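Structure file final38.pdb; described as PDB, C-alpha atoms (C1' of nucleotides).
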MODEL        1
ATOM      1  CA  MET A   1      33.292   1.769  24.172
ATOM      2  CA  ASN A   2      35.852   3.653  26.258
ATOM      3  CA  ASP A   3      37.657   6.959  26.993
ATOM      4  CA  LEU A   4      35.273   8.031  29.764
ATOM      5  CA  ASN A   5      34.921  11.697  30.759
ATOM      6  CA  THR A   6      34.403  12.907  34.317
ATOM      7  CA  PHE A   7      31.901  15.009  36.243
ATOM      8  CA  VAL A   8      33.268  18.070  38.030
ATOM      9  CA  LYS A   9      34.374  17.312  41.579
ATOM     10  CA  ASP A  10      35.990  19.316  44.346
ATOM     11  CA  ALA A  11      39.011  18.077  46.292
ATOM     12  CA  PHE A  12      36.555  16.045  48.382
ATOM     13  CA  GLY A  13      35.375  14.308  45.216
ATOM     14  CA  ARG A  14      31.664  15.022  45.598
ATOM     15  CA  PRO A  15      30.103  16.083  42.280
ATOM     16  CA  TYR A  16      28.755  19.597  41.985
ATOM     17  CA  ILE A  17      27.737  22.112  39.343
ATOM     18  CA  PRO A  18      29.903  25.264  39.310
ATOM     19  CA  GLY A  19      27.917  28.475  39.334
ATOM     20  CA  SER A  20      29.789  29.783  36.301
ATOM     21  CA  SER A  21      28.253  27.065  34.118
ATOM     22  CA  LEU A  22      24.733  28.011  35.176
ATOM     23  CA  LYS A  23      25.613  31.690  34.735
ATOM     24  CA  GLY A  24      26.854  31.039  31.206
ATOM     25  CA  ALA A  25      23.717  29.036  30.463
ATOM     26  CA  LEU A  26      21.563  31.889  31.762
ATOM     27  CA  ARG A  27      23.694  34.350  29.774
ATOM     28  CA  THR A  28      22.865  32.383  26.629
ATOM     29  CA  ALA A  29      19.231  32.474  27.727
ATOM     30  CA  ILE A  30      19.115  36.253  28.317
ATOM     31  CA  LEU A  31      21.061  37.083  25.120
ATOM     32  CA  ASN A  32      18.276  35.736  22.866
ATOM     33  CA  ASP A  33      17.233  39.369  22.462
ATOM     34  CA  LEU A  34      20.145  41.768  21.843
ATOM     35  CA  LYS A  35      22.496  39.243  20.274
ATOM     36  CA  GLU A  36      25.142  41.968  19.939
ATOM     37  CA  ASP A  37      25.204  42.385  23.735
ATOM     38  CA  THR A  38      28.686  43.672  23.826
ATOM     39  CA  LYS A  39      32.040  42.964  25.532
ATOM     40  CA  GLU A  40      31.327  45.602  28.199
ATOM     41  CA  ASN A  41      27.954  44.363  29.460
ATOM     42  CA  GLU A  42      26.444  45.782  32.634
TER      43      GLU A  42
ATOM     44  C1'   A B   1     121.988 102.180  61.992
ATOM     45  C1'   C B   2     114.061 102.196  58.881
ATOM     46  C1'   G B   3     108.169 105.307  64.802
ATOM     47  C1'   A B   4     111.524 101.379  65.551
ATOM     48  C1'   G B   5     112.542  96.095  68.045
ATOM     49  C1'   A B   6     110.352  91.791  69.971
ATOM     50  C1'   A B   7     104.273  89.737  69.839
ATOM     51  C1'   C B   8     100.247  83.116  66.594
ATOM     52  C1'   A B   9      93.526  87.111  66.585
ATOM     53  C1'   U B  10      94.460  83.347  69.907
ATOM     54  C1'   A B  11      91.737  80.223  74.182
ATOM     55  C1'   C B  12      86.866  77.514  75.715
ATOM     56  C1'   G B  13      82.110  75.630  72.557
ATOM     57  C1'   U B  14      78.289  68.608  69.725
ATOM     58  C1'   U B  15      74.711  71.959  63.892
ATOM     59  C1'   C B  16      72.107  70.238  68.267
ATOM     60  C1'   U B  17      66.911  69.542  70.395
ATOM     61  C1'   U B  18      61.213  67.765  69.298
ATOM     62  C1'   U B  19      58.988  64.703  65.147
ATOM     63  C1'   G B  20      55.404  57.250  62.484
ATOM     64  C1'   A B  21      56.423  58.497  54.935
ATOM     65  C1'   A B  22      51.864  58.716  57.031
ATOM     66  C1'   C B  23      46.568  58.727  55.450
ATOM     67  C1'   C B  24      42.237  56.742  52.335
ATOM     68  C1'   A B  25      42.001  52.200  48.346
ATOM     69  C1'   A B  26      38.464  44.190  47.308
ATOM     70  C1'   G B  27      43.755  41.923  42.167
ATOM     71  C1'   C B  28      39.170  42.980  40.462
ATOM     72  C1'   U B  29      35.721  43.081  36.207
ATOM     73  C1'   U B  30      32.811  40.616  31.833
ATOM     74  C1'   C B  31      34.042  34.266  30.858
ATOM     75  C1'   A B  32      29.697  27.153  30.243
ATOM     76  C1'   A B  33      35.391  23.068  29.311
ATOM     77  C1'   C B  34      33.287  23.531  25.275
ATOM     78  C1'   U B  35      33.171  22.436  20.033
ATOM     79  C1'   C B  36      33.053  19.158  15.578
ATOM     80  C1'   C B  37      33.584  14.438  13.433
TER      81        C B  37
ENDMDL
END

Rewrite the coordinates I just gave you, this time as C-alpha coordinates.
Amino acid sequence: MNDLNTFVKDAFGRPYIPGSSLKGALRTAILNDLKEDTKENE
RNA sequence: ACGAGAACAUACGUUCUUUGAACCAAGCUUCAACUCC
(Lines of atoms letter the chains of each structure in order from A and count residues from 1; the text may use other names and numbers.)
(Lines give C-alpha, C1' and ligand atoms only; values in the text may rest on other atoms or scores of the structure.)
Protein backbone atom coordinates (compact mmCIF):
# COMPACT_ATOMS: atom_id res chain seq x y z
CA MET A 1 0.00 0.00 0.00
CA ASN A 2 3.06 2.17 0.62
CA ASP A 3 6.88 2.53 0.47
CA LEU A 4 6.92 4.23 -2.93
CA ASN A 5 10.04 4.18 -5.13
CA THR A 6 11.17 7.08 -7.30
CA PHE A 7 11.98 7.71 -10.96
CA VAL A 8 15.46 9.00 -11.73
CA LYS A 9 15.66 12.79 -11.71
CA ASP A 10 18.43 15.32 -12.16
CA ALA A 11 18.98 18.23 -9.78
CA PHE A 12 16.21 20.03 -11.69
CA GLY A 13 13.84 17.18 -10.85
CA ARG A 14 12.72 16.39 -14.39
CA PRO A 15 12.60 12.62 -15.00
CA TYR A 16 14.99 11.15 -17.52
CA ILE A 17 16.45 7.80 -18.53
CA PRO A 18 20.24 7.58 -18.04
CA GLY A 19 22.09 6.30 -21.08
CA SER A 20 23.86 3.65 -19.02
CA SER A 21 20.55 1.86 -18.40
CA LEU A 22 19.78 1.70 -22.11
CA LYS A 23 23.38 0.63 -22.78
CA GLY A 24 23.08 -2.19 -20.25
CA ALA A 25 19.76 -3.22 -21.77
CA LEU A 26 21.34 -3.26 -25.23
CA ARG A 27 24.33 -5.15 -23.81
CA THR A 28 21.93 -7.83 -22.58
CA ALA A 29 20.36 -7.79 -26.04
CA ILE A 30 23.66 -8.18 -27.94
CA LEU A 31 25.03 -10.85 -25.56
CA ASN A 32 22.31 -13.37 -26.55
CA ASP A 33 24.94 -14.89 -28.82
CA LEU A 34 28.38 -15.29 -27.19
CA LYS A 35 27.16 -15.52 -23.61
CA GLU A 36 30.78 -15.80 -22.44
CA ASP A 37 31.52 -12.34 -23.87
CA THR A 38 34.32 -11.65 -21.53
CA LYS A 39 35.47 -9.00 -19.02
CA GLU A 40 37.67 -7.34 -21.65
CA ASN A 41 35.08 -6.74 -24.39
CA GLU A 42 35.88 -4.52 -27.35
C1' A B 1 133.62 34.40 18.52
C1' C B 2 129.54 29.40 12.96
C1' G B 3 129.96 32.63 4.66
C1' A B 4 128.22 35.16 8.88
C1' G B 5 124.32 39.04 11.11
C1' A B 6 119.69 41.30 10.44
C1' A B 7 114.96 40.08 6.27
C1' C B 8 106.96 37.58 6.84
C1' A B 9 107.22 34.85 -0.48
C1' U B 10 104.68 39.10 0.75
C1' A B 11 101.04 43.14 -1.67
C1' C B 12 96.47 43.94 -5.13
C1' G B 13 92.26 40.20 -7.22
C1' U B 14 84.04 38.24 -6.46
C1' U B 15 84.72 31.04 -8.86
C1' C B 16 82.36 34.86 -11.82
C1' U B 17 79.46 35.65 -16.61
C1' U B 18 75.07 33.56 -20.24
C1' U B 19 70.95 29.84 -19.37
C1' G B 20 62.49 28.21 -18.29
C1' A B 21 63.38 21.12 -15.36
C1' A B 22 61.58 21.83 -19.99
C1' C B 23 58.90 18.96 -23.88
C1' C B 24 54.81 15.39 -25.59
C1' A B 25 50.37 12.70 -22.48
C1' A B 26 41.59 12.73 -21.68
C1' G B 27 41.69 9.87 -14.51
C1' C B 28 40.25 6.81 -18.21
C1' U B 29 38.30 1.91 -19.67
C1' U B 30 34.36 -2.35 -19.55
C1' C B 31 29.32 -1.40 -15.48
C1' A B 32 20.97 -1.40 -15.89
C1' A B 33 20.06 0.21 -9.06
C1' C B 34 19.09 -4.22 -9.63
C1' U B 35 17.60 -8.89 -7.45
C1' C B 36 14.28 -12.29 -4.62
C1' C B 37 10.22 -13.01 -1.43

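Those DNA, RNA and protein residues that approach the point (33.6, 30.3, 33.1) to within 7 Å, considering all atoms listed in the file, are residues 20 and 21 of chain A; 31 and 32 of chain B.
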
Store the residues picked out above in a file with C-alpha atoms (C1' of nucleotides), as a PDB file, in the coordinates of the input.
ATOM      1  CA  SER A  20      29.789  29.783  36.301  1.00  0.00           C
ATOM      2  CA  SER A  21      28.253  27.065  34.118  1.00  0.00           C
TER       3      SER A  21
ATOM      4  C1'   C B  31      34.042  34.266  30.858  1.00  0.00           C
ATOM      5  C1'   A B  32      29.697  27.153  30.243  1.00  0.00           C
TER       6        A B  32
END

Only residues of chain A matter here; which ones have an atom within 9 Å of chain B, counting only C-alpha atoms (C1' of nucleotides)? Give them as a ChimeraX atom specification.
/A:20-25,39-42

Let's have the selection written as a short mmCIF file (atom, residue, chain, number, x, y, z; two decimals), in the coordinates of the input, with C-alpha atoms.
data_model
loop_
_atom_site.label_atom_id
_atom_site.label_comp_id
_atom_site.auth_asym_id
_atom_site.auth_seq_id
_atom_site.Cartn_x
_atom_site.Cartn_y
_atom_site.Cartn_z
CA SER A 20 29.79 29.78 36.30
CA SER A 21 28.25 27.06 34.12
CA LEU A 22 24.73 28.01 35.18
CA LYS A 23 25.61 31.69 34.74
CA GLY A 24 26.85 31.04 31.21
CA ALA A 25 23.72 29.04 30.46
CA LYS A 39 32.04 42.96 25.53
CA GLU A 40 31.33 45.60 28.20
CA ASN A 41 27.95 44.36 29.46
CA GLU A 42 26.44 45.78 32.63
#

Record the distance separating atom CA of residue A:8 and atom CA of residue A:29, expressed in Å with one decimal.
22.6 Å

Using all atoms of stretch 31-38 of chain A that appear in the file, construct an axis-aligned enclosing box with 5 Å of padding on every side and provide its centre coordinates and edge lengths in Å, rounded to one decimal, as lines of an AutoDock Vina configuration file.
center_x = 23.0
center_y = 39.7
center_z = 22.5
size_x = 21.5
size_y = 17.9
size_z = 15.2

Mind filling out stretch 12-35 of chain A with N, CA, C and O atoms and sending it as a PDB file, keeping the file's coordinate frame?
ATOM      1  N   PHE A  12      37.219  17.111  47.650  1.00  0.00           N
ATOM      2  CA  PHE A  12      36.555  16.045  48.382  1.00  0.00           C
ATOM      3  C   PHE A  12      35.890  15.026  47.471  1.00  0.00           C
ATOM      4  O   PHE A  12      35.409  13.997  47.959  1.00  0.00           O
ATOM      5  N   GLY A  13      35.840  15.287  46.170  1.00  0.00           N
ATOM      6  CA  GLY A  13      35.375  14.308  45.216  1.00  0.00           C
ATOM      7  C   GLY A  13      33.878  14.237  45.028  1.00  0.00           C
ATOM      8  O   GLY A  13      33.419  13.483  44.163  1.00  0.00           O
ATOM      9  N   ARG A  14      33.106  14.977  45.809  1.00  0.00           N
ATOM     10  CA  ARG A  14      31.664  15.022  45.598  1.00  0.00           C
ATOM     11  C   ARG A  14      31.358  15.812  44.332  1.00  0.00           C
ATOM     12  O   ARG A  14      31.953  16.871  44.115  1.00  0.00           O
ATOM     13  N   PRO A  15      30.474  15.317  43.468  1.00  0.00           N
ATOM     14  CA  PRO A  15      30.103  16.083  42.280  1.00  0.00           C
ATOM     15  C   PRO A  15      29.325  17.329  42.648  1.00  0.00           C
ATOM     16  O   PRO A  15      28.609  17.374  43.649  1.00  0.00           O
ATOM     17  N   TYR A  16      29.492  18.356  41.825  1.00  0.00           N
ATOM     18  CA  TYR A  16      28.755  19.597  41.985  1.00  0.00           C
ATOM     19  C   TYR A  16      28.729  20.298  40.645  1.00  0.00           C
ATOM     20  O   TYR A  16      29.508  19.977  39.746  1.00  0.00           O
ATOM     21  N   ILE A  17      27.822  21.259  40.523  1.00  0.00           N
ATOM     22  CA  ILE A  17      27.737  22.112  39.343  1.00  0.00           C
ATOM     23  C   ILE A  17      28.330  23.466  39.715  1.00  0.00           C
ATOM     24  O   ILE A  17      27.843  24.097  40.667  1.00  0.00           O
ATOM     25  N   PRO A  18      29.392  23.917  39.051  1.00  0.00           N
ATOM     26  CA  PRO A  18      29.903  25.264  39.310  1.00  0.00           C
ATOM     27  C   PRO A  18      28.893  26.316  38.887  1.00  0.00           C
ATOM     28  O   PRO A  18      28.130  26.127  37.937  1.00  0.00           O
ATOM     29  N   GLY A  19      28.885  27.431  39.615  1.00  0.00           N
ATOM     30  CA  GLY A  19      27.917  28.475  39.334  1.00  0.00           C
ATOM     31  C   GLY A  19      28.194  29.213  38.042  1.00  0.00           C
ATOM     32  O   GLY A  19      27.299  29.849  37.482  1.00  0.00           O
ATOM     33  N   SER A  20      29.433  29.140  37.557  1.00  0.00           N
ATOM     34  CA  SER A  20      29.789  29.783  36.301  1.00  0.00           C
ATOM     35  C   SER A  20      29.117  29.108  35.117  1.00  0.00           C
ATOM     36  O   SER A  20      28.775  29.772  34.135  1.00  0.00           O
ATOM     37  N   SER A  21      28.934  27.789  35.187  1.00  0.00           N
ATOM     38  CA  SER A  21      28.253  27.065  34.118  1.00  0.00           C
ATOM     39  C   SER A  21      26.793  27.469  34.023  1.00  0.00           C
ATOM     40  O   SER A  21      26.271  27.708  32.927  1.00  0.00           O
ATOM     41  N   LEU A  22      26.117  27.561  35.169  1.00  0.00           N
ATOM     42  CA  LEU A  22      24.733  28.011  35.176  1.00  0.00           C
ATOM     43  C   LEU A  22      24.629  29.477  34.773  1.00  0.00           C
ATOM     44  O   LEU A  22      23.670  29.874  34.101  1.00  0.00           O
ATOM     45  N   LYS A  23      25.620  30.290  35.147  1.00  0.00           N
ATOM     46  CA  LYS A  23      25.613  31.690  34.735  1.00  0.00           C
ATOM     47  C   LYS A  23      25.820  31.832  33.235  1.00  0.00           C
ATOM     48  O   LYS A  23      25.209  32.693  32.604  1.00  0.00           O
ATOM     49  N   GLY A  24      26.682  31.005  32.647  1.00  0.00           N
ATOM     50  CA  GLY A  24      26.854  31.039  31.206  1.00  0.00           C
ATOM     51  C   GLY A  24      25.634  30.535  30.467  1.00  0.00           C
ATOM     52  O   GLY A  24      25.278  31.053  29.404  1.00  0.00           O
ATOM     53  N   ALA A  25      24.970  29.521  31.030  1.00  0.00           N
ATOM     54  CA  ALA A  25      23.717  29.036  30.463  1.00  0.00           C
ATOM     55  C   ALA A  25      22.631  30.107  30.519  1.00  0.00           C
ATOM     56  O   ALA A  25      21.919  30.338  29.534  1.00  0.00           O
ATOM     57  N   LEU A  26      22.527  30.806  31.648  1.00  0.00           N
ATOM     58  CA  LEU A  26      21.563  31.889  31.762  1.00  0.00           C
ATOM     59  C   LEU A  26      21.958  33.087  30.914  1.00  0.00           C
ATOM     60  O   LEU A  26      21.085  33.828  30.468  1.00  0.00           O
ATOM     61  N   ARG A  27      23.256  33.297  30.682  1.00  0.00           N
ATOM     62  CA  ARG A  27      23.694  34.350  29.774  1.00  0.00           C
ATOM     63  C   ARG A  27      23.259  34.049  28.346  1.00  0.00           C
ATOM     64  O   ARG A  27      22.765  34.933  27.636  1.00  0.00           O
ATOM     65  N   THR A  28      23.408  32.792  27.920  1.00  0.00           N
ATOM     66  CA  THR A  28      22.865  32.383  26.629  1.00  0.00           C
ATOM     67  C   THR A  28      21.348  32.477  26.587  1.00  0.00           C
ATOM     68  O   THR A  28      20.781  32.711  25.518  1.00  0.00           O
ATOM     69  N   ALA A  29      20.677  32.298  27.718  1.00  0.00           N
ATOM     70  CA  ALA A  29      19.231  32.474  27.727  1.00  0.00           C
ATOM     71  C   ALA A  29      18.814  33.934  27.611  1.00  0.00           C
ATOM     72  O   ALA A  29      17.897  34.244  26.848  1.00  0.00           O
ATOM     73  N   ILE A  30      19.447  34.830  28.365  1.00  0.00           N
ATOM     74  CA  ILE A  30      19.115  36.253  28.317  1.00  0.00           C
ATOM     75  C   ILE A  30      19.505  36.904  26.990  1.00  0.00           C
ATOM     76  O   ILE A  30      18.743  37.731  26.467  1.00  0.00           O
ATOM     77  N   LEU A  31      20.618  36.495  26.382  1.00  0.00           N
ATOM     78  CA  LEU A  31      21.061  37.083  25.120  1.00  0.00           C
ATOM     79  C   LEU A  31      20.312  36.568  23.893  1.00  0.00           C
ATOM     80  O   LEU A  31      20.863  36.673  22.791  1.00  0.00           O
ATOM     81  N   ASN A  32      19.111  35.997  24.036  1.00  0.00           N
ATOM     82  CA  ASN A  32      18.276  35.736  22.866  1.00  0.00           C
ATOM     83  C   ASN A  32      17.892  37.038  22.167  1.00  0.00           C
ATOM     84  O   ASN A  32      18.078  37.181  20.952  1.00  0.00           O
ATOM     85  N   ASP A  33      17.364  37.997  22.920  1.00  0.00           N
ATOM     86  CA  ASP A  33      17.233  39.369  22.462  1.00  0.00           C
ATOM     87  C   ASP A  33      18.558  40.068  22.711  1.00  0.00           C
ATOM     88  O   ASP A  33      19.267  39.731  23.667  1.00  0.00           O
ATOM     89  N   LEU A  34      18.872  41.040  21.849  1.00  0.00           N
ATOM     90  CA  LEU A  34      20.145  41.768  21.843  1.00  0.00           C
ATOM     91  C   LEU A  34      21.318  40.789  21.737  1.00  0.00           C
ATOM     92  O   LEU A  34      22.052  40.543  22.694  1.00  0.00           O
ATOM     93  N   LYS A  35      21.397  40.156  20.563  1.00  0.00           N
ATOM     94  CA  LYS A  35      22.496  39.243  20.274  1.00  0.00           C
ATOM     95  C   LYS A  35      23.846  39.940  20.324  1.00  0.00           C
ATOM     96  O   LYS A  35      24.791  39.399  20.909  1.00  0.00           O
TER      97      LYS A  35
END
